[PDB]
Amino acid sequence: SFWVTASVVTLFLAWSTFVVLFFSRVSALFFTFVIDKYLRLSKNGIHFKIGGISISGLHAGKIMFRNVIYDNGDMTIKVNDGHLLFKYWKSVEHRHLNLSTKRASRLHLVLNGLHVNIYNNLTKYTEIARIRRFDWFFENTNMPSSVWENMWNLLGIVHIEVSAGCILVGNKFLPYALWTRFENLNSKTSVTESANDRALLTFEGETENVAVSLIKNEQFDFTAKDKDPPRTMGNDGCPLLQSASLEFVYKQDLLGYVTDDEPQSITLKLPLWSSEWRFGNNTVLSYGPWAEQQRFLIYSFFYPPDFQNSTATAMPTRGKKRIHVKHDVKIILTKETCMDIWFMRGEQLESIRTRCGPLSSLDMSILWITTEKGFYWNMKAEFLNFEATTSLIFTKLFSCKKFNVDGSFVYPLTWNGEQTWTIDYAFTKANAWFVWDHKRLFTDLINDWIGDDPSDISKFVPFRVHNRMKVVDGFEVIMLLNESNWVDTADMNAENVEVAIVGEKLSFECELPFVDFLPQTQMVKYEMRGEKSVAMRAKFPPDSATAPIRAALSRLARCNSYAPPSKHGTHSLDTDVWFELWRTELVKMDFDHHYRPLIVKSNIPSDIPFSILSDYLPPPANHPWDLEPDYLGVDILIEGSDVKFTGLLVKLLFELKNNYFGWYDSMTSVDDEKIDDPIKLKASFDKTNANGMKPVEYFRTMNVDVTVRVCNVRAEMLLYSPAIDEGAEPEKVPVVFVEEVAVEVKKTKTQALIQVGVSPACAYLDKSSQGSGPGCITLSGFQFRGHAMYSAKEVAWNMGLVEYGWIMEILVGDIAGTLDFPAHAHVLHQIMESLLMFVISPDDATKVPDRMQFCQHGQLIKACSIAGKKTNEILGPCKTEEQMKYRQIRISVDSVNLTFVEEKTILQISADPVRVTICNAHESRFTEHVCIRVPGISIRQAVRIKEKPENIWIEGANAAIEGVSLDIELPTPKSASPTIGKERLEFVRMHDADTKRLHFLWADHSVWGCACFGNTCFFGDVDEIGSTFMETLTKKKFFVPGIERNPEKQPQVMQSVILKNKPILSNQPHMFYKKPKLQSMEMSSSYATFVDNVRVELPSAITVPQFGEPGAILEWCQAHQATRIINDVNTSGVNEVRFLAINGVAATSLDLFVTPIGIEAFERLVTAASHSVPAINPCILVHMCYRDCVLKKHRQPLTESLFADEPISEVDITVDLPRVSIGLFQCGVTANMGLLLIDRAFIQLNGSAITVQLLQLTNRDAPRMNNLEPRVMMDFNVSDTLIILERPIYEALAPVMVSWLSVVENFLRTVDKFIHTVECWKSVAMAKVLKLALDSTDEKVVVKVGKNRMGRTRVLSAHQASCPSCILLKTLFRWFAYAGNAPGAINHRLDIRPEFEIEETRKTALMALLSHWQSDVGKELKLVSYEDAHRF
Amino acid sequence: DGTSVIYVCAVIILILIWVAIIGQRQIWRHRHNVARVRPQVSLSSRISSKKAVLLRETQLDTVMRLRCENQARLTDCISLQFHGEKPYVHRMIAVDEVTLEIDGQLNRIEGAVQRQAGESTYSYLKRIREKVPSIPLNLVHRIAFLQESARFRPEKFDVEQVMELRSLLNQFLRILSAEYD
Ligand SMILES: CCCCCCCC/C=C/CCCCCCCC(=O)OC[C@H](COP(=O)(O)OCCN)OC(=O)CCCCCCC/C=C/CCCCCCCC
Ligand SMILES: CCCCCCCC/C=C\CCCCCCCC(=O)OC[C@H](COP(=O)(O)OCCN)OC(=O)CCCCCCC/C=C/CCCCCCCC
Ligand SMILES: CCCCCCCC/C=C\CCCCCCCC(=O)OC[C@H](COP(=O)(O)OCCN)OC(=O)CCCCCCC/C=C\CCCCCCCC
Ligand SMILES: CCCCCCCCCCCCCCCC
């Protein structure tokens, strides 16, 4: 029947399916029951279960298994499935295990789906309970060589294969669990011969994939205290050490027994215990502060602190089993490896993403025993081609070809003992970019890493960190010095002004002695040295209007450097774009930081109610100025220097101060600053300055004592060196020798004292081709003192400081010079031209970012809250502190003795102590004032007559202006409110009541005072020097160094404000760079008999100064003093016979002596001026034309659209005119002298008596040297004069007229010739340069370079883009800079044709060249608006 | 012959059953890749037996209780050989002074015992004061503040604070011994 066979077939199906696919379950049940019973696993608290096993494959060595679970209370080991093969058919090679021979892998284990979950460490916690006698815990938890050798001989190589495996570390009490996973693990466990030990076990293998991460614990009750990870890769959590392959070699000596008499050694015959890890491709290896917190939590759980003072481990003795000493870890990165650090700043994810090359290794020796010094572990990392980058807008951070770290970490016996960290950093050929935003970013990273957990004495462990950083084979630090701290974030062709400090060796040491628990003050010292061939290089954007001028100046300057150029740096070797201006051999910077640690007192775990807790605690500070300030001692030394000086040095120092120690510490990309609504402008500004989110102690001030000392400075005063004459040595760049420049800044809570001291300085000017000789300028000394007065009234805490008073005092010593004419006058002219052009930099000036336009209240120029309170609005425009502060400048020049030497003439200009004062609140008026005090300035001239073997000089002319005392009251600045005076008075007397440092506001006087007088606090309560500053009657030099020993009295000149009773200048030896290898004899004699003869004593022999020993520059200055014009009493002559608002005396007196021979000597000077004109560089002419354009703000007829501004009244003058006494003399074979005396006049407009008298040296025969020669007069007088304009005899007089008029006519003709010579030279040289630039195919010489992306941020950007006569000049600068035929103008060259003398042709040539250049210029010319009137 | 038909039907159905079971098992094995599927920290996700899970949970709870109770004794004989001269020794003495003077003295039958969880000197002193109202409320607050200032606060802690804490502890012990003869 069908039923019977159906039942039979159903039984077949059921039984066959059960026995082939389900009998494993029942067999596993049986074996699970047997195994835990026989070995007592359940009794010992071990959970064991098998979900499947095979029994029919034993005769093939195969044992399949499934769902094997093993838990022992600490970790759970689970395997999804697998099989165990014992390949018994592989013959055993030897009777006994021979460790020195190869064995077959008779044992093969395959595990599919291996789980390992480590959740507890019961051994350590039971030990802690036992050592602390926690009996409650100890009860609640409810808890052979022959055989080993035979088993290892039978098994051979244990081949273990894991298709997939995961390791999970964590439990229910940990917020995050460490998830480690891998795939395709093939490994071979083997035993081999071992020296000193029983055997060596090796565990080699590979994994085809590996990844570690921190995953979220689902059982955890996360609260607001817990912080989310910065980034997650989906469900995998926060990544850590992702990789594509891993090769591991684990070696461990199986310990034997001690055979020697002495115990086991700590350094001899160490048992081998090592681990090697080689990573493949795609190793990412991320980390961060949050991962550090999770690591601390997990490690502190699984490895709890027993708080027990350890003991030095007793080494096993003879006959006892040996112990392991140390474990060695070697990690090798076989490919390029990333190493990222991620952390959160507010709501933004920051990162420090680094990279290392292939074969970058990490070594790690971990001591496994304890000695009498405790235990320690070493570390040796080496990253090849280590490159680091940040997440800022400027992402470049660091790069080097090799990075080595050697760290040693020592832990003492006592758990509370002082640990010692010794970390040595080594870099090879490292280059870095430093911005202050990097410092801010790293400070935020360190603060995040430390955490916000409170400090506990029961958890406090003192420790010292010894950091030593070394850079070898060259270093390079690039600092971005764009004005207003703009940045170009473009990856390529970044148009940033960059300064690079390069050198061979860089050092940095820093000890961190955190050995006190919450100390009142923490002291940390830093040291940094640049040790060999140090240089400073400056780069400017190629189309920045400064780079072409700088490059032309560098190309055309004929300078010889004593310092060989440095070959160091990586991104600054391009000399065409990088300007190496400073060269030194040592720069050492020392920092001494004293600070109060910033404790977050809101995190103190206080269970006491706040109502009575506040009673015991001291009252909190209401203002940051109520706190004791921190301290920072800065000490910088520049040992020697060879400087290519220019105004760019001053500009770069100013930008360094602004961008690194000023208001502009934060970068601003040139593409983001687009905000027009002040409401949202303030909102964005407010978000960055989160004052409400910080404690009051965050804004604690810091006293800083800066000491910068620059020693043995030889500076090149770069200029356009003249043309070379074949027969003469080329004229080099002038060199300035300064022995020392000392800068001291003493900034305190309420004031800052800036003090600059300069030693005697020389200036050797090269001998010109004309042949007069070298020139010298001598300065006896220079001192600058600046007193800045601070207040915190109505100032935002982010700024926390407003400056209301700024007193400056410039003290210049004695200026003595002996210059030739006209070469050195031209040298000074172009030196001043280049210096002023580079310092001002009108086309390079940039707009301040809107978020960086701070106010007197710490808010922005637009959208200021305090100004909003006025006129009852939410926000209004406040005013910057520059417009409101009281500024006063005192300038004193002890003396000035400059001699201009010609072949037959010298012209000495001598001056008395000159005082100039600028006071913007002078007397009761709060407007700009200028006060000039010139007690006397004289001009003398000597004309050489050489009819004798001894030179004969006479005083051809004289001048003297005495008693100049002028007070100029400049009008109010344009666009200023009518009540600026009242506003400034209220501002000044508001930020002064607490200190009263500007005494003139509180003096009870009808006429107020100024810092012009001694009515202010200047480096002391009493302003001693300022009291008698304008008192020029005594004529007393102010630059007299001295020491004041009263701490309350202000220090004297050249007396350090940092030290006490010590001068700011120290005469110490320092390193320096050595040198590398009339026309008628009768008429002239006639004048010599009457005019006073003088002796001219030039400096003996002007040599090149060399620094040598200290004080040698002083000796060079003392040897080359001012030229002396010594009068002779025996030859004394007729030079002496005589008979808006501006106030003061124009001059007390005005003497003037003139002879025709004196005017002849002026003619000599003028003729010498015109001769040297063709030898001038045309580049200075291009420079002067460009200066005209820029100083006019490029006010072309095309750019009149940009000028729509739309003194003009109340100009009054009340001055006293001098008593003019002019004495003329003329002798011709006989002597006639005319005396003019004008009495004092006054302008309100009046005059006084005028006496013109014509004398005659007629003997006493016709009605002391010339005892027979009196003077007979032909007088002429005027009684008075009032102009009110308010808005025979012929025979003797004839020789006078025909001589004086002849000499005056000759002088005027010479002047006209000089003027026409200069004009013709200008036209011809400009045409020559234009034609040469037009006929040039060099790539660099081009009208526009680059995209000029930084040009959008520059003031006068629209103007300079439409000075077509100024874009063309910039191309000419690029022609001088880079054209190969540019040195074709270093030749003394006159007109190429005789036709150029005619004016029309030389003008039309220039016009035609301009026309030819117009088409080339117009391609990039961006026209402001449009002028179709000019187009027609 | 119907026997041949029965045999072939049995063979085909048996092969289909075997291939279906083995295919489902293989799909399950392939899906459960331990290197791709994120595991769970729960012990019950790996151990099926409730008894073993409960035992391990109790062991973890005991470990956490030990971690709470594991408090370092800063004032130790060999720990005073170290420190001793350092400025922070006084707060180390103060933090252990409260423990030694109270817990080491009030470890009697009727004395209160600090809780293992939420161990607070302020709360423990409040519990003591509830039973013994003779001690003023100022005394417990000042003692707790002194110990807390020693442990966490940056205010200057020196010999004066140690002497004040010792005097207050002596007064507290005197009153508590008067109330506990
Ligand atoms: C991320 C991918 C994961 C890759 C893993 C990389 C390497 C990680 C592994 C290290 C494996 C550990 C080696 C085995 C332990 C060492 C043997 C041992 O010490 O047992 C004790 C005892 C005596 O040794 P002593 O050193 O004197 O004792 C001192 C303290 N015990 O040893 C013996 O007597 C027997 C020796 C053999 C026992 C070792 C077991 C043999 C096989 C091991 C393979 C391990 C497989 C695990 C890999 C699976 C993937 C995670
Ligand atoms: C010596 C060889 C040449 C060196 C080459 C690099 C030249 C770098 C040049 C000039 C900058 C050097 C000064 C560096 C620290 C500046 C000191 C300072 O301002 O610290 C102040 C700061 C707080 O100021 P603010 O946050 O602005 O707020 C206060 C009120 N607003 O207080 C402090 O933290 C103290 C600073 C500790 C001094 C230690 C700094 C050591 C110098 C590091 C320079 C880094 C360049 C090294 C990179 C080279 C790698 C190849
Ligand atoms: C070969 C390369 C080196 C050769 C170059 C030589 C440069 C020429 C010479 C001297 C440089 C001028 C010295 C300037 C000293 C700086 C004085 C100063 O800025 O102090 C003010 C400031 C205080 O104000 P705040 O902190 O903002 O307010 C705090 C309120 N709670 O001080 C500070 O912040 C820290 C002081 C650190 C200054 C250290 C750097 C000094 C500058 C240059 C020295 C080395 C020059 C090399 C770099 C040149 C790059 C242009
Ligand atoms: C702004 C006037 C500049 C020239 C005056 C200073 C130079 C004095 C030396 C005279 C020779 C220079 C001739 C003109 C060169 C531009």
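Side-chain atoms are counted along with the backbone in the values below, which use heavy atoms only and exclude waters and symmetry mates. Chain naming here is simple, since letters A, B, ... match the order of the sequence lines and numbering starts at 1 in each.
For B:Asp96, no part lies under 4.5 angstrom from a heavy atom of chain A. Contact annotation for A:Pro618: only side-chain heavy atoms (C-beta onward) come within less than 4.5 Å of a heavy atom of chain B. With a 4.5 angstrom heavy-atom cutoff, B:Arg142 touches chain A via backbone and side-chain atoms both. If you measure heavy-atom distances from A:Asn80 to chain B, the contacts under 4.5 Å come from the side chain alone. Contacts of B:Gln40 with chain A are made by both backbone and side-chain atoms, with heavy-atom separations under 4.5 Å. The part of A:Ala177 that comes within reach of chain B is its side chain, from C-beta onward, which places non-hydrogen atoms under 4.5 angstrom from that chain. Proximity to chain A involves both the backbone and the side chain of B:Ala10, based on heavy atoms less than 4.5 angstrom apart. Heavy atoms closer than 4.5 Å to chain B are found in the backbone of A:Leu114, but not in its side chain. Of the atoms belonging to B:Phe82, it is side-chain heavy atoms, and not backbone ones, that fall under 4.5 Å from chain A. With a 4.5 Å cut-off on non-hydrogen atoms, B:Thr121 touches chain A through its backbone but not through its side chain. Contacts between A:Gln520 and chain B at a heavy-atom distance below 4.5 Å are absent for every atom of the residue. Contact annotation for B:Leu14: both backbone and side-chain heavy atoms come within less than 4.5 Å of a heavy atom of chain A. Looking at B:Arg56, the atoms closer than 4.5 Å to chain A (heavy atoms on both sides) all sit in the side chain, from C-beta outward. For chain B, the nearby part of A:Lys49 is the side chain; its heavy atoms alone come within less than 4.5 Å. Neither the backbone nor the side chain of A:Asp74 comes within less than 4.5 Å of any heavy atom of chain B. At a 4.5 Å heavy-atom cutoff, A:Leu413 makes no contact with chain B through either its backbone or its side chain. In this structure, chain B has a heavy atom under 4.5 Å from the side chain of A:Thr5, while its backbone stays farther away. Only the side chain of B:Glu57 has a heavy atom closer than 4.5 Å to any heavy atom of chain A. B:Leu55 touches chain A through its side chain: at least one heavy atom from C-beta onward sits under 4.5 Å away, while N, CA, C and O do not. For a residue to count as touching a neighbouring chain, one of its non-hydrogen atoms must lie under 4.5 Å from one of that chain's; by this rule A:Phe301 touches chain B with backbone and side chain alike. Both the backbone and the side chain of B:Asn70 have a heavy atom closer than 4.5 Å to some heavy atom of chain A. If you measure heavy-atom distances from B:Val37 to chain A, the contacts under 4.5 Å come from the backbone alone. With a 4.5 Å cut-off on non-hydrogen atoms, A:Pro462 touches chain B through its side chain but not through its backbone. When heavy atoms are compared at a cutoff of 4.5 Å, A:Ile612 approaches chain B solely by way of its side chain, counted from C-beta outward. If you measure heavy-atom distances from A:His47 to chain B, the contacts under 4.5 Å come from both the backbone and the side chain.
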Subject >> side-chain hydrogen bond (donor to acceptor under 3.5 Å, both in side chains) between B:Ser120 and B:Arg115, intermediate numbers included >> reply: CA-CA 8 Å; B:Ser120 300; B:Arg115 281 193 52 188; over 6 Å; no

**OP:** Mind running side-chain contact (heavy atoms from CB on, under 4.5 Å) on B:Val89 and B:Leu80 for me, showing each step along the way?
**Re:** CA-CA 8 Å; B:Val89 179; B:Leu80 285 186; 4.3 Å; yes

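Ranked by heavy-atom pairs under 4.5 Å with chain A, the first of B:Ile47, B:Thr3, B:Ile13 is B:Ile47. Between chain B and the residues A:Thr17, A:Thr76, A:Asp306, A:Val210, the largest count of heavy-atom pairs under 4.5 Å involves A:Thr17. Top candidate by heavy-atom pairs under 4.5 Å with chain B, chosen from A:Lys78, A:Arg181, A:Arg132, A:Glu218, is A:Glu218. Of the listed residues (B:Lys126, B:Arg36, B:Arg29, B:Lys51), the one with the most heavy-atom contacts under 4.5 Å to chain A is B:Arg29. Chain A forms the most heavy-atom pairs under 4.5 Å with one residue out of B:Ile17, B:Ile78, B:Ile22, and that residue is B:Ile78. In terms of heavy-atom pairs under 4.5 Å with chain B, the best-connected choice from A:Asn416, A:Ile599, A:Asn121, A:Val169 is A:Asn416. When the candidates A:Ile604, A:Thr414, A:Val9 are compared by the number of heavy-atom contacts under 4.5 Å with chain B, A:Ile604 comes out ahead. Of the listed residues (A:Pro454, A:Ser606, A:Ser42), the greatest number of heavy-atom pairs within a distance under 4.5 Å of chain B belongs to A:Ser606. Ranked by heavy-atom pairs under 4.5 Å with chain B, the list A:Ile457, A:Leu518, A:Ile215, A:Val515 is led by A:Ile457.
Using a 30° and 60° split on the angle between ring planes, B:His32 and B:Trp28 fall in the parallel class, below 30°. Ring orientation note: the planes of B:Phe145 and A:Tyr616 are close to parallel, at an angle under 30° on the 30°/60° scale. Ring geometry, B:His141 versus B:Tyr122: the interplanar angle falls under 30°, so the pair is classed parallel (tilted spans 30 to 60°).
A:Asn217 places a side-chain N or O within 3.5 Å of a backbone atom of A:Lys172 that can act as its donor or acceptor partner. Looking at B:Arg151, its side chain never comes within 3.5 Å of a backbone N or O of B:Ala94 through a donor-acceptor pair. Remark: the backbone N or O of A:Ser611 is not paired with any side-chain donor or acceptor of A:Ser614 at under 3.5 angstrom. The backbone N or O of B:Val95 lies less than 3.5 Å from a partner atom in the side chain of B:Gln147, making a donor-acceptor pair. A donor-acceptor contact shorter than 3.5 Å links the side chain of A:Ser7 to the backbone of A:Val4.
Residues A:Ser213 and A:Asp236 have side chains that never bring a donor and an acceptor to within less than 3.5 angstrom of each other. Using a 3.5 Å distance cut-off with no hydrogens or angles, the side chains of A:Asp71 and A:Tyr119 do pair a donor with an acceptor. A donor and an acceptor atom, one from each side chain of B:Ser149 and B:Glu155, are nowhere located under 3.5 Å apart. Counted by atom type alone, A:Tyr303 and A:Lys124 present zero donor-acceptor pairs between their side chains at under 3.5 Å. If you check the side chains of A:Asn120 and B:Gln59, you find no donor sitting under 3.5 Å from an acceptor.
Between atom CG of residue B:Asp76 and atom CE of residue B:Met92 there is a gap of 11.5 Å, rounded to the nearest 0.5 Å. The line from CG of B:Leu173 to CD1 of B:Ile135 is 10.5 Å long, rounded to the nearest 0.5 Å. From B:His90, atom NE2 reaches atom CD1 of B:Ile93 across 7.5 Å, with rounding to the nearest 0.5 Å.
The two residues A:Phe302 and A:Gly170 make their nearest non-hydrogen contact at CZ-N, 3.6 Å.
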